[PDB]
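Single chain ahead, by itself, as structure tokens, in the form solved without the DNA.
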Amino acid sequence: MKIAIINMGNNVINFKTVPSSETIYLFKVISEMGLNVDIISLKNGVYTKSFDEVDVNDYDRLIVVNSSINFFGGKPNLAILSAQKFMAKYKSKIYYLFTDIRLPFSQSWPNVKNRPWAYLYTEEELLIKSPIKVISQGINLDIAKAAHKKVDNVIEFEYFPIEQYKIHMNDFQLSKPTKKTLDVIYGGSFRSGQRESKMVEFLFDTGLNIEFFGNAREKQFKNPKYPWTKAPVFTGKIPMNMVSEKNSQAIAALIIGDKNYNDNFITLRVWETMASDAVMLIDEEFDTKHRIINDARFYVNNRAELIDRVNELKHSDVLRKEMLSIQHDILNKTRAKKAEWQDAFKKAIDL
């Protein structure tokens, strides 16, 4: 049994970029559950083999991490092209890890054919015909199915909480008590404005000391429908393996998601936040049935409620520590099901 994992549209090297980091974490968690796996990327490296040094058919399973296949600017993105060429040569079923609703599987050919550099690729080299099984992080599968309507080879849809890998890593540990320097914190990208309303609601004009880390920038928030006066402090990106430490600098950390994540996706940030020294505060709309934690104190409906909840936490260190103790206990209950999680993953990739 030999497994190959690749990122469909981003180079994989180290932990400097999110797509590279997530691919390496997945490689590591799969290796830790008893499996011979290789990451195949553009070049040979600490964690990877090169597309041109291996034969895709030497592998029995091909796992693909979702990614955008948009060609920005006027140049051939080799990370996208080489990955799809690799996929096109594979004979067996391809397992597509769907962790972001904006990144469903799709063919790059339709786009490539109309580029000025189209002469560099043939339809045969890029058109992927192998059957595809979408492994969705969404438990309802409704979004995954709708997102993959324009694809015919996708013959299967199965749910699996992929991003729980954060807590199942062999080197994982809960964050320790940290000196507080912020009231509220949130880390992430602008996500092409797909979450602007929620970001403005909970992180702007709060009167609190809030930090927004990640690729997002203040100048990106300009939608007239979601006005604001005072923005949080944007500090820039940091490595994915430093996120829990960053979250721990605040009294509370926010959990929000795209509309379609609601009552469906339990994202990586849920675990990165729950494991941190910051109290996890969740937008009620994101998890209306309170599947993450059965304690309403961890949920807020709007800006006003967030402010009040944070004020309560700043006023009582006892309450803050009580809530942290509860969320850490809940996280431990899921960690206790590691073996079941691993077996479920193996079942998902037909092992």
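Heads up, when I say rigid core I mean the largest set of C-alphas that superpose within 1.5 Å between the two forms. Residues carry their position along the shown sequence, with the first being 1.
Of the other entries compared for this protein that flank it with modelled residues, all give atoms for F105, so not even a third lack it.
Missing-residue comparison: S92 falls in the unmodelled set for none of the other PDB entries checked, so it is not missing from a third of them. Per-stretch averaging of Cα B factors for 279 to 287 and 56 to 64 places 56 to 64 on top.
If you average the C-alpha B-factors over 27 to 35 and over 291 to 299, the higher value belongs to 27 to 35.
For the set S106, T235, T178, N264, the maximum C-alpha B-factor listed in the entry falls on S106. Of the candidates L120, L174, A147, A231, the one whose C-alpha carries the top B factor in the deposited record is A147. The PDB entry assigns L331 a C-alpha temperature factor belonging to the middle third of its chain's modelled residues. Ranked against the other modelled residues of its chain, the C-alpha B-factor of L319 as given in the entry falls in the middle third. Among the modelled residues of the chain, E201 sits in the lowest third by CA temperature factor in this PDB entry. Ranked by Cα temperature factor within the chain, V184 sits in the lowest third according to the deposited record. In this PDB entry, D152 carries a Cα temperature factor that places it within the highest third of its chain's modelled residues.
The same protein has a further form, the form deposited with the DNA bound, not shown here; the description that follows concerns it.
None of 212 to 220, 225 to 233, 275 to 283, 247 to 255 except one has non-hydrogen atoms within 4.5 angstroms of the DNA in the bound PDB entry; the exception is 212 to 220.
In the bound PDB entry, none of the heavy atoms of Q342 sits within 4.5 Å of a heavy atom of the DNA.
Proximity of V18 to the DNA in the bound PDB entry: non-hydrogen atoms within 4.5 Å are present. Contact annotation: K85 falls outside 4.5 Å of the DNA in the bound PDB entry, judged by heavy atom distances. Although the partner is absent here, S92 sits far enough away that none of its heavy atoms falls within 4.5 Å of the DNA in the bound PDB entry. Contact with the DNA in the bound PDB entry, defined as a heavy atom within 4.5 Å, holds for exactly one of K145, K133, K198, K237, namely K237. Interface residue among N140, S189, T181, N170, judged by heavy atoms within 4.5 Å of the DNA in the bound PDB entry: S189.
Contacts of stretch 54 to 82 with the DNA in the bound PDB entry, defined by any heavy atom lying within 4.5 Å, are made by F72 alone. Just one residue from the list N215, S175, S106, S82 crosses the 2 Å line for C-alpha shift between this form and the one not shown on a rigid core fit, and it is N215. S130 shows a C-alpha shift below 2 Å between this form and the one not shown [criterion: core-superposed Cα displacement of 2 Å]. Core-superposed comparison between this form and the one not shown: CA of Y159 displaced by less than 2 Å.
Annotation: Cα of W228 displaced by at least 2 Å between this form and the one not shown, core superposition.
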